[PDB]
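A short worksheet on the structure shown next.
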Amino acid sequence: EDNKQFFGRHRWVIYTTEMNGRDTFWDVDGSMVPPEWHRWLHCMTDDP
Amino acid sequence: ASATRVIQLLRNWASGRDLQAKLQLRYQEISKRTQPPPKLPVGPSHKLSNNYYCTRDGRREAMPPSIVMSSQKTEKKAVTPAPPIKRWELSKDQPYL
Amino acid sequence: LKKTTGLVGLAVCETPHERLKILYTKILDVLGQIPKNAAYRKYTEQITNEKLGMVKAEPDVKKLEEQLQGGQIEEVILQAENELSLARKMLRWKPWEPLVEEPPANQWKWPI
Amino acid sequence: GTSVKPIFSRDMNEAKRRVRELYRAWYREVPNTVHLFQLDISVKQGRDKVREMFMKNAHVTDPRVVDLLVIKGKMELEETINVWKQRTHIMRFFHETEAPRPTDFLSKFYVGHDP
Amino acid sequence: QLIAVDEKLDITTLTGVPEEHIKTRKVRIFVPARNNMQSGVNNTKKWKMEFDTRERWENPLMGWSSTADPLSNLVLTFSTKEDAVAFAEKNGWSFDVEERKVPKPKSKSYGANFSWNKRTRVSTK
Amino acid sequence: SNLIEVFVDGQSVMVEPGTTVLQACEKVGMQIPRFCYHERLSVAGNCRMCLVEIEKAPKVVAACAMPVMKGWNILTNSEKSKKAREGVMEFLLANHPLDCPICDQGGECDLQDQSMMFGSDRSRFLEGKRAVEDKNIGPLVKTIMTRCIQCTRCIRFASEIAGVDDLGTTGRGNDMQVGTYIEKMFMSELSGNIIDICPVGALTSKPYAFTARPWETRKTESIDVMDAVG
Amino acid sequence: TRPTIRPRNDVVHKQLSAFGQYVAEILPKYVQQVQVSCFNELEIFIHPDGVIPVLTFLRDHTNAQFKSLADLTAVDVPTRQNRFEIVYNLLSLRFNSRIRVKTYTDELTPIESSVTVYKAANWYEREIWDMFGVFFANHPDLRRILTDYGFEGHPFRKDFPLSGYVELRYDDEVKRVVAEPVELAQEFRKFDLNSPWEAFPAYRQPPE
Amino acid sequence: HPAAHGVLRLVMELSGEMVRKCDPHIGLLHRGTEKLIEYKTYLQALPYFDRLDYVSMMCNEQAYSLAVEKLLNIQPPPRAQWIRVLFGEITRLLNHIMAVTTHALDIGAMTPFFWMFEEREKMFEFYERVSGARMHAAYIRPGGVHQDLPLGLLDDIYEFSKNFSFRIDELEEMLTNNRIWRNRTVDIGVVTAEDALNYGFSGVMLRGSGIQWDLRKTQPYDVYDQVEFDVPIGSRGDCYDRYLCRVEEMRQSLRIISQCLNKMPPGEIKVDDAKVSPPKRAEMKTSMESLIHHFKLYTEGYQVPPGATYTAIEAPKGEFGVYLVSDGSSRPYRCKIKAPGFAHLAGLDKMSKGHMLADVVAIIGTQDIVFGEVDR
Amino acid sequence: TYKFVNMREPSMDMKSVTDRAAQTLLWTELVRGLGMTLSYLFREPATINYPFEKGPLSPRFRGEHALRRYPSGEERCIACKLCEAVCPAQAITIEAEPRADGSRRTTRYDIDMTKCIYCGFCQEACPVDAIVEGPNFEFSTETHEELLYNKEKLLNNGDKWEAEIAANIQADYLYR
Ligand SMILES: C=C(C)[C@H]1Cc2c(ccc3c2O[C@@H]2COc4cc(OC)c(OC)cc4[C@@H]2C3=O)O1
Ligand code: SF4
Ligand code: SF4
Ligand code: SF4
Ligand code: SF4
Ligand code: FES
Ligand SMILES: [Mg+2]
């Protein structure tokens, strides 16, 4: 996070390069976020 | 915010206004995403006494429309459906754009 | 005198008093050919006579507009013309006659 | 008696006159329809279809019903002449992708429960 | 102007219904029976026209209930049986009508529960 | 002749002697709310849901049991009748279990429907609820007696129609319970009908349990072929 | 009675009743009934032949001046001998009022087109023709407006099936979109929701 | 076609580029909404009004709710009415932004669209916070509103509202005094007052011709008689005057929003009548009456006394009306929907006489047509 | 109360005439519009870096449906069929029977996600918080059939998203 950016750019995730079985170096998608970090990332809550 | 002061001056001169006063991006002045729990008061029908539903039943006070002049059954001044509307007033705030 | 009536396609009327007098006189003349017992004739005569007296009694346009409650005397002229056309039409229609037909027994029964 | 109000025709003779006029119009239109829509049918097929559609409602004995049928036919014709219809709409009259449903008792008994 | 049409009403050619659903359909005109699980009678006041049940099968996927009958959900409400019959006749449907069944008037007597010599006496209360 | 004139909401109607207030109201097309009255059973008068006001009478009468008197004026929609219905509905719901989602009677409940049509919309009951143990009366009638409103319809049906005296009430007061008092099976060729007359989910069909809701069922009126009665 | 119940307005009720009496007195030839609803809405039930006179009066009389046509539509009631109920909703800006005019027709009896009175009626009348099949006499250009080209039937009729009779799909053999008899993988599930107990005593009907 | 504003088949007879005849063909978005509504309960038919005019969703919800409330003879609570007026003004801002920016985009100026759609995104965020849906909220119900505002929504609405006037000023800097924009808009599609009245126009299409008529002022609903705002009135009856009217309406909506924010009262959000409005979940899980009423409301729905009503509101596109007919059951017998776009499109051919192709594109843009409400 | 938007008269003095002539000949307002666009060019854009950054959402958000359990691992659904009765799109199909232990449970629970309008009426109607609309919205498929959810899929969704679903419900159940 960085709270000096405007709302929307103040939280982000650098995805892993190796998910369950597939190589996610280039192929990433928002579905790879687990539900708890999904709640934090979409600003449904302030607490990680 | 992050813009250098020279860029802000150029923006202000080009737009003609002070942009930094009213920025269209929300930085930190908005409400927190986590809030305390609410309490949400109850309505006027939450009494424990003198609250019989028959006295506050609005659905049961509807009646079939009142019939005037069934065909199957003095000067008499002419009438209108309603009084004529008053003329509108011209906006003492700002009458002309 | 006045410019910009304010409604698009409604021209400013010069000499509105004479136009209103002519229109109301024509309306009364047309109503004179309707049977006396007809409600439309007496109602329209009453309202037309009130408006004609108001027009005759008030030489000022703005005060006349405030008295007539008719909205900006040009629209009063337009309404007078509409009433004249309606008077001719109802003379051709004769709606004062008894009811032409009675509806079936339950035509207006609701619910079902 | 029966206290009915006409639409255009007072008796059946005028209704048949209007029907003949509409049939003339459709018969004249068919070749232009085949050309403009680039239909793969012949003009004889189109005129046969027009005749069949007309014969579908031959049993009517009410002049008002005939009048409404003529109004609908004129609507369809004006719709075809102005190319508001597409080739799919014109070709819908022929049911080229519908399998022939049998009408005899035995085949109906074989296929299913519907009469 | 009146023209004095002498024929019976028939609007089948104008309704746009396919002929298969005009000739082979049988409608029922009836006052629906009271649901035996409840005592209210508000659902036994109007006449109903409903169509004959057709085939329903299982969808190969998801096992749902599939139909090919467009009139399977059509129910019409009428004030009287004459109106329903007239509607069905002018629409060209064969119909079966059932006369309205009303409960017969019953003689009730609370005192009969305590008869001196009759069998209506109750053994419990 | 022997007919007497009575009034329902000021509307005149001619009735036979011995006709009850409920039947006179039924003559003009008005249905009085009920829980214990069944027109094919004996009159009980215990549920008290049928109380209506008679004009110039300070006491409401039980319409299911009280015969009409000549010249009476039944006021079925007066404030007194509505308040009586609301009070009775409140008392009936005081100890009822919050079982509607799991009750088979869900969309077919006379208690639910009469609560929506004639009762109040809120509860002012702040105590614990009573709960009774279930009875086993066979494999056909499922028994959940906490839903019982003690209308005694099943007892009257068994005693009078089925010809069996196996059902009754044990105890008294708030603790009065409908049952057999012993492990007994209520088997008769007419037993299942007690499911129909029971206005609540206290008696339900065991083979039918949980399978369907009433609003999604399609009704087909047909004939029975399991015997020659038709 | 105070918080949850909609308040009444007796002044508007009296004004609408007086104006309904006025209209009924002026046009006895066509007016059959006048009603004022409990929420202060005025309705006039007329004979079909008076569609053009009545409306004209209501648009041109100095005391009516109903110069706006808010809406024109139809209602299908199969139990009536005259199936269709034609409703005109009119607005008067001069007197800030609204009026409803109702009449009736059946499948074979045409209604007079009122495009000469209100130009707004045009499309509305077309819509009534398309959804209900009510013919309007002397309509400048009467044809379907809402339904597909070549569509048979009138969908808003009560006896018309909800899903219709035909469905569309692309066919690769004829290489075009074709229409076929309708088949549903899941049939629409009809719900019987009406409670067997009466809800509104004020609308109870006589027991016939 | 990008300028078709959705599914419209405008068959045009042209002499060169001069328009000789316009024939709008509609029904490409006719989904048969009214029959389907006839197959639903009153609560089940509410989300259809979201999808009627998919730019003024909550205004359509409000119109339907007013009709059903009138038929039920009940009254929404004051806080619900203030919430309704506030979100109706926010919806008016959304609709006017969409209309003006798509009109400019059709004319050729594509830039203000991107500037104003960020504000549209923020208002979508308000919608989602109040309801859980950015467009189809189903929030305004025939008893009030579904849920109360979250505990920090008013502050964010205030923060958004105090910066919107500068965005309007930037839009006006782009368009108002531009000679190209004036050339493309002035004297184009001129309609007279009497023609506008006879053709059934409403909203800006009247006010641009000088007719002084606003339903919020003449026939107020909810708490619209307790707010102060001016009505913009045109002088020439052309596209430029209507554009100015819509900009000034956005400013007046900001005014009304400020008044609503400062005047929000406390209290309950739906009518305290459990036979119409569902009880709270805690009551439904503790009280027997509440559970019975919740069950019956969500299975059968409330019954509405028999009768017919025509309820109209001042939606951002004009007068929006419902003719609702109840037969006494829990399902509406008839629901006719009156949309202003129907009459506006029916008058399009009249307004395009003596104009070119680009002028017709401008006239379609200035009519503010959404075809969900036109076709239904 | 009304105001005029286009009822102003230009000044006819020589200075005003010359100013208007300068505006006509030297294109002042066009340069004003150019200045507005130039000012926007130097601002920070409003774009976010999807999928690494996400748009803000709310605990009330309506996404993919899920069937929940009690803390014991028993299902919450009792097959009352209220959600099926309230569903405006008829998207829910339910079949039920007594379980082997006599429990009232579903044997079929389908939601057609191509019929669903995502209105959330089902979770309002549910008396045991059994069916919910979760926070997930990234569940696009490559085939139509993958959007026809059965009970196994919904139970799987509940087990997968329960950690976020419970937290979302905890932050909003006092508004319900
Ligand atoms: C071009 C970019 C900047 C934007 C604008 C835009 C799209 C994509 C598609 C369309 C579009 O605008 C045109 C004109 O305005 C509406 C308005 C509509 O309803 C408000 C509507 O509904 C289908 C459709 C349209 C057009 C069309 O589909 O992205
Ligand atoms: S008996 Fe009736 S009120 Fe009681 S739980 Fe069953 S359905 Fe609900
Ligand atoms: S079990 Fe049912 S029928 Fe028997 S007394 Fe109880 S409520 Fe009445
Ligand atoms: S969200 Fe709405 S449409 Fe979707 S399943 Fe639930 S009730 Fe049905
Ligand atoms: S999900 Fe909820 S509402 Fe639906 S059947 Fe199960 S318990 Fe009932
Ligand atoms: S019905 Fe009369 S006391 Fe029960
Ligand atoms: Mg039972």
Side-chain angles (χ1 to χ4, degrees), chain E residues 35-39, chain F residues 35 89 92-116 119 129 141-149 151 153-154 157 192-206 208-209 213-214, chain H residues 1-8 28-29 51 53-57 94-117 120 135 284 287-296 299 316-317 341 361 364-365 367-375, chain I residues 78 80 82 104 127:
Chain E
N35 177 14
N36 229 56
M37 317 285 297
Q38 292 198 245
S39 288
Chain F
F35 281 111
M89 255 324 308
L92 277 170
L93 290 193
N95 282 286
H96 205 66
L98 268 79
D99 272 14
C100 291
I102 55 169
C103 190
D104 273 324
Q105 205 70 34
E108 263 170 343
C109 194
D110 264 328
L111 184 53
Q112 265 193 358
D113 279 339
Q114 293 180 75
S115 176
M116 311 271 324
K129 292 179 179 266
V141 182
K142 190 199 215 169
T143 289
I144 299 187
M145 299 306 308
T146 301
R147 294 169 201 166
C148 191
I149 62 173
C151 72
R153 274 190 185 178
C154 50
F157 179 90
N193 297 282
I194 72 176
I195 296 157
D196 275 311
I197 54 149
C198 183
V200 284
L203 300 181
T204 47
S205 175
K206 200 168 278 187
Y208 183 63
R213 279 291 187 208
Chain H
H1 200 293
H5 278 259
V7 280
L8 163 78
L28 302 145
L29 206 63
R51 294 139 179 85
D53 173 16
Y54 38 89
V55 199
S56 319
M57 301 89 64
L94 281 157
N95 183 86
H96 277 19
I97 284 184
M98 165 88 82
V100 164
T101 54
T102 46
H103 189 37
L105 180 65
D106 286 355
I107 297 315
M110 95 270 282
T111 310
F113 166 94
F114 299 89
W115 297 355
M116 294 297 251
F117 259 62
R120 270 188 56 96
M135 291 217 333
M284 170 264 297
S287 303
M288 190 72 229
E289 278 92 339
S290 298
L291 182 69
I292 284 177
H293 284 63
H294 170 98
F295 190 107
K296 290 305 284 178
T299 51
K317 281 158 148 81
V361 175
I364 301 169
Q367 271 175 181
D368 199 343
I369 303 281
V370 152
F371 284 88
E373 62 156 25
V374 175
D375 298 4
Chain I
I78 40 162
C80 71
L82 256 54
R104 189 189 161 118

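First listed ligand is number 1; within each ligand, the first listed atom is number 1. Every chain is numbered from 1 and lettered A, B, ... according to where its sequence line falls, protein lines coming before strand lines. Side chains are part of it too, since the values below use all heavy atoms of this structure and drop only hydrogens, waters and symmetry mates.
Atom 20 (C) of ligand 1 has as its closest protein heavy atom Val370(H) CG2, 3.8 Å. What sits closest to atom 23 (C) of ligand 1 on the protein, heavy atoms only, is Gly6(H) CA, 3.6 Å. Counting only heavy atoms of the protein, atom 26 (C) of ligand 1 lies nearest to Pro2(H) O, 3.7 Å. Counting only heavy atoms of the protein, atom 17 (C) of ligand 1 lies nearest to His5(H) ND1, 3.9 Å. Shortest contact from atom 1 (C) of ligand 1 to any protein heavy atom: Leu105(H) CD2, 3.9 Å. Looking only at protein heavy atoms, the nearest one to atom 19 (O) of ligand 1 is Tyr54(H) CE1, 3.8 Å.
Taking both residues in full, the closest heavy atoms of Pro199(F) and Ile149(F) are given as CG-CD1, 4.1 Å, listed atom of the first, atom of the second, then distance. Heavy atoms only, all atoms of each residue included: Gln38(E) and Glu108(F) are closest at CG-O, 3.1 Å.
Rounded to the nearest 0.5 angstrom, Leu94(H) CG and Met116(H) CE are separated by 10.5 Å. Put simply, SG on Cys100(F) and NE2 on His293(H) are 11.0 Å apart, with the number rounded to the nearest 0.5 Å. Atom SG of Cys154(F) and atom CD1 of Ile194(F) lie 6.5 Å apart (nearest 0.5 Å). A distance of 11.5 Å separates CD1 in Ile144(F) from CD in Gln105(F), rounded to the nearest 0.5 Å. Atoms CG and CE, from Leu105(H) and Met98(H) in turn, are 11.0 Å apart once rounded to the nearest 0.5 Å. Of the inter-residue distances, the one linking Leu203(F) atom CG with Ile197(F) atom CD1 reads 8.0 Å to the nearest 0.5 angstrom.
No part of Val7(H) comes within 4.0 Å of ligand 1, judged by heavy-atom distances. In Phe113(H), the part holding a heavy atom less than 4.0 Å from any atom of ligand 1 is the side chain.
Our summary of the site lists the angle at the Mg ion (ligand 7) between O of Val200(F) and OE1 of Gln105(F) as 80°, to the nearest 10 degrees.
Around atom 6 (Fe) of ligand 2, the protein atoms of type N, O or S that sit closer than 2.8 Å are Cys103(F) SG.
Under the 3.5 Å distance criterion, the side-chain polar atoms of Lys129(F) are matched with a main-chain donor or acceptor of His96(F). A donor-acceptor pair under 3.5 Å is formed between the side chain of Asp110(F) and the backbone N or O of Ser39(E).
For a distance bound of 2.8 Å, the N, O or S atoms of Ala202(F) include none lying that close to the Mg ion (ligand 7).
Between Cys103(F) and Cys109(F), the closest side-chain pair of non-hydrogen atoms is not below 4.5 Å.
A cation-pi geometry, defined here as NZ or CZ lying under 6.0 Å from the six-membered ring centre and within 45° of its normal, does not hold between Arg51(H) and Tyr54(H).
Under the 4.0 angstrom criterion, atom 6 (C) of ligand 1 counts as lacking any protein heavy-atom contact. Put simply, atom 28 (O) of ligand 1 has no protein non-hydrogen atoms near it, under 4.0 Å away. Distance check on atom 11 (C) of ligand 1: every protein heavy atom falls at or beyond the 4.0 Å cut-off.
Between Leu29(H), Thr102(H), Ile364(H), it is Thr102(H) that holds the heavy atom closest to atom 15 (O) of ligand 1.
In this structure, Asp104(F) pairs ionically with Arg104(I), as a charged nitrogen and a carboxylate oxygen lie closer than 4.0 Å.
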